[PDB]
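Within every chain, numbering begins at 1; the chains are lettered A, B, ... in the order of the sequence lines, protein sequences first and strands thereafter.
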Amino acid sequence: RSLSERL
Amino acid sequence: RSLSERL
Amino acid sequence: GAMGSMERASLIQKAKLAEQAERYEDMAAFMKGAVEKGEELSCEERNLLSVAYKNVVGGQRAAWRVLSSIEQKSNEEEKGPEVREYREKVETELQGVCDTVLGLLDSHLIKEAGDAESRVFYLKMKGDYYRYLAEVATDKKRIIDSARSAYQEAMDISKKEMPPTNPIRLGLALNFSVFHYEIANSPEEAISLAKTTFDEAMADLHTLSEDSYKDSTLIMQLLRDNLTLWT
Amino acid sequence: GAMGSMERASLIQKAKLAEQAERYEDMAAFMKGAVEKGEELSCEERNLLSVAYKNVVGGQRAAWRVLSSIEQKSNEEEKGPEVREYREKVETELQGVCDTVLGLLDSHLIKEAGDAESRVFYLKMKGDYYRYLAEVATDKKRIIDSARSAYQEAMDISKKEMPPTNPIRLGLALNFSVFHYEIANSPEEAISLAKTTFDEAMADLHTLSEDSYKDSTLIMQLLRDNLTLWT
Ligand SMILES: N=C(N)c1cc(-c2ccccc2)c(CCN)s1
Ligand SMILES: N=C(N)c1cc(-c2ccccc2)c(CCN)s1
Ligand SMILES: [Cl-]
Ligand SMILES: [Cl-]
């Protein structure tokens with residue numbers, strides 16, 4: 001799965 | 001902390 | 001709401017405590033209560049709201065994926081309706097969280113957000129939560145277009161009003177690229193967006209302090225990691 | 001209960017799915033529903049019940065410890081009642097989970113459990129959940145004595161009816177040793193129990209298959225790890 005924005 | 005039983 | 005009797009400042013204080021205790025459902029409930037006080041949110045408060053709901057929905061998405069995989073394997077020995085029922089249960093709970101977040105954005109966070117940093121943040125969130133709805137949708141075209149529309153409005157503002165290294169702008173472009181690859185069946189658009197975003201940020205790093213450089217390059221690395229997976 | 005309309009077998013199936021999805025609150029609700037059908041539980045079902053509640057209460061205990069630490073530091077700048085209130089909120093939820101488990105054991109799992117493997121398992125669980133109540137109690141003497149009494153009854157049965165390598169017997173002795181060290185202010189009793197348990201198990205390993213040897217030595221290592229921390 002593609003990486004989305006982290007916190 | 002002391003180690004208790006695992007699952 | 002059950003938080004209506006608690007002071008705004010106390011809700012924010014408790015959201016921070018809940019984060020430290022890894023109690024993200026509590027954290028989200030406290031931040032929902034804070035939003036419902038009707039005042040705009042500061043930068044720190046917007047981040048608390050996002051952290052809380054991202055963790056809640058993230059657990060739901062991970063569980064839904066496990067259950068959906070089991071269900072798909074069962075449909076290749078007949079075991080009855082239970083896998084479908086339980087996947088549906090988790091799915092419905094996930095949809096409920098997304099609808100709650102979208103409801104807060106619509107009533108009335110977005111309409112009161114005039115500065116680029118807040119407006120882009122909320123429109124990105126709107127894109128993100130429609131994207132999570134799209135992941136489980138099978139309706140689906142309209143949900144995808146709602147995500148696309150929110151991300152596109154956020155992108156237009158961000159490109160006009162923020163430098164290419166701004167962490168909100170970078171995280172928006174990152175998530176819109178994920179939308180293109182994983183939701184919209186547009187891997188070329190995803191790759192193009194990630195590359196252009198990375199390159200324009202690289203060229204602006206020289207303007208940044210050490211701390212801002214660290215913030216921006218951390219997010220750029222996620223763009224690079226996706227480009228390595230996608231190419 | 002909300003699970004009253006679901007088949008026992010479906011509840012067990014869904015508890016297993018919930019475990020795979022790391023949805024332990026759901027898992028516990030499914031297993032509570034299964035217990036409330038009124039039939040005794042098999043070995044596998046008892047383990048599902050224990051896994052579910054151990055994970056739920058484990059998250060609560062970890063959160064309570066974070067909050068209690070923050071609270072104790074505040075009582076060494078005045079920040080108002082919020083830390084205490086939120087620690088109390090988590091504490092009350094934790095106590096509610098413990099009371100739920102103790103209620104299932106009392107109505108009517110223990111009284112119907114005649115075989116050593118089931119009776120020891122449930123009495124150990126009773127000791128464990130009173131121990132978790134004791135961790136937050138400040139009442140406290142009676143709670144401690146209830147934990148001690150349950151563990152002691154379980155120990156007496158286990159020593160008469162099970163070999164020293166039996167994993168239930170080992171996990172009971174392990175947890176009773178933790179009770180002595182962490183709850184009852186009896187570190188010498190804890191060390192003595194862990195040592196005797198370890199040594200008697202060591203001497204019985206020769207009777208075991210490869211798989212049982214693996215099961216027993218895994219738990220023995222926890223006794224050894226505690227002895228290293230305690231001495
Ligand atoms: N408590 C959290 N998870 C976060 C708090 C903040 C923050 C923002 C402005 C001023 C002070 C703190 C975050 C910024 C984004 N890294 S994140
Ligand atoms: N699903 C779980 N977490 C566990 C399931 C079982 C089991 C017991 C008897 C027969 C088949 C399975 C466990 C035994 C203890 N290791 S644990
Ligand atoms: Cl279900
Ligand atoms: Cl509270």
Could you tell me which non-hydrogen atom of C:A15 sits nearest to which non-hydrogen atom of C:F30, and how far apart they are?
N-CD1, 3.8 Å

If you measure from the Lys or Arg side-chain nitrogens to the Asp or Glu carboxylate oxygens, is any gap between D:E135 and B:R1 under 4.0 Å?
no

Full working for side-chain hydrogen bond (donor to acceptor under 3.5 Å, both in side chains) between C:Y129 and C:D99:
CA-CA 8 Å; C:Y129 286 83; C:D99 291 343; over 6 Å; no

Do D:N166 and D:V120 come close enough that some side-chain heavy atom pair is under 4.5 Å?
no

In short, C:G33 meets C:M3 closest at the heavy-atom pair CA-CB, 3.8 Å

Does the side chain of D:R131 reach to within under 4.5 Å of the side chain of D:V178, using non-hydrogen atoms?
yes

D:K79 and C:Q13: which non-hydrogen atoms are nearest, and at how many Å?
O-NE2, 3.6 Å

Is D:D145 reaching over with its side chain to a backbone N or O of D:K141, donor-acceptor style, under 3.5 angstrom?
no

Are the side chains of D:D128 and D:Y151 in touch, meaning some heavy atoms are under 4.5 Å apart?
yes

Under 3.5 Å donor-acceptor, D:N226 side chain and B:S2 backbone:
no

Could you tell me whether a side-chain N or O of D:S68 sits under 3.5 Å from a main-chain N or O of D:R65, the two making a donor and an acceptor?
no

Report yes if some heavy atom in the side chain of C:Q221 is under 4.5 Å from a heavy atom in the side chain of C:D225; otherwise report no.
yes

Could you walk me through whether D:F198 and D:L170 pass side chain to side chain contact (heavy atoms under 4.5 Å, CB included), step by step?
CA-CA 8 Å; D:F198 185 98; D:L170 288 174; over 6 Å; no

Whether the side chain of D:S74 engages the backbone of D:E71 through a donor-acceptor N/O pair (distance < 3.5 Å, no angle test) should be reported.
yes

Separation between OG of D:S186 and CZ of D:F176, rounded to the nearest 0.5 Å:
9.5 Å

Crowding at NZ, D:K37 (>12 non-hydrogen neighbours, <6.0 Å):
yes

Go through the steps for D:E19 and D:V51 under the test side chain to side chain contact (heavy atoms under 4.5 Å, CB included), then give the verdict.
CA-CA 8 Å; D:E19 183 180 27; D:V51 166; 3.6 Å; yes

Heavy-atom side-chain proximity of D:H180 to D:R148 below 4.5 angstrom
yes

N/O donor-acceptor pair under 3.5 Å between D:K111 side chain and D:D106 backbone:
yes

Rounding to 0.5 Å, atoms CG (D:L67) and CD (D:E91) come to a distance of 10.0 Å

Are D:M220 and D:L205 close enough that some pair of their side-chain heavy atoms sits under 4.5 Å apart?
yes

Hey, is D:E153 close enough to D:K126 for a salt bridge, meaning N to O under 4.0 Å?
no

Would you say D:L94 and D:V57 make side-chain contact, with heavy atoms under 4.5 Å?
yes

Start with the C-alpha gap between C:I219 and A:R6, add the side-chain angles, then the distance that decides, and say whether side chain to side chain contact (heavy atoms under 4.5 Å, CB included) holds.
CA-CA 8 Å; C:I219 304 161; A:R6 310 317 172 195; over 6 Å; no

More than 12 heavy atoms of other residues, nucleotides or ligands under 6.0 Å from CD of D:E7: yes or no?
no

Judged by atom type as modelled, is there a donor-acceptor pair below 3.5 Å linking the side chain of C:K16 to the main-chain atoms of C:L11?
no

Look at the side chain of C:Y53 and the backbone N and O of C:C98, then say whether any donor-acceptor pair between them is shorter than 3.5 Å.
no

Can you tell me how far NZ of D:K32 sits from CG of D:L49, rounded to the nearest 0.5 angstrom?
11.0 Å

So, taking the atom named CD in C:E36 and the one named CZ in C:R8, what distance separates them when rounded to the nearest 0.5 Å?
12.5 Å

CZ of D:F179 to CD1 of D:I144, rounded to nearest 0.5 Å, is 6.0 Å

Could you walk me through whether D:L41 and D:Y122 pass side chain to side chain contact (heavy atoms under 4.5 Å, CB included), step by step?
CA-CA 11 Å; D:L41 303 193; D:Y122 292 134; 3.4 Å; yes

What are the two closest heavy atoms between A:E5 and C:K54, and how far apart are they?
O-NZ, 4.2 Å

Has the side chain of D:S177 got a donor or acceptor atom that lies under 3.5 Å from a matching backbone atom of D:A194?
no

Within the distance-only criterion (no hydrogens, no angle test), does the side chain of D:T92 pair as donor or acceptor with the backbone N or O of D:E88 below 3.5 angstrom?
yes

Side chains of C:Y132 and C:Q60 in contact at under 4.5 Å (non-hydrogen atoms)
no

Tell me whether C:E25 at atom CD has more than 12 heavy atoms from other residues, nucleotides or ligands lying less than 6.0 Å away.
no

Here the gap from D:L102 atom CG to D:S107 atom OG, rounded to the nearest 0.5 Å, amounts to 10.5 Å

Please report the closest heavy-atom contact between C:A147 and C:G127, naming both atoms and the distance.
CB-O, 3.7 Å

Whether C:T100 side chain and C:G96 backbone form a donor-acceptor pair below 3.5 Å
yes

Under 4.0 Å between a side-chain nitrogen and a carboxylate oxygen: does that hold for D:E85 and C:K14?
yes

Considering only NZ, NE, NH1 and NH2 on the basic side and carboxylate oxygens on the acidic side, decide whether D:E161 and D:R119 come within less than 4.0 Å.
no

Looking at every heavy atom in both C:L17 and D:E82, which two are closest together, and how far apart are they?
CD1-O, 4.3 Å

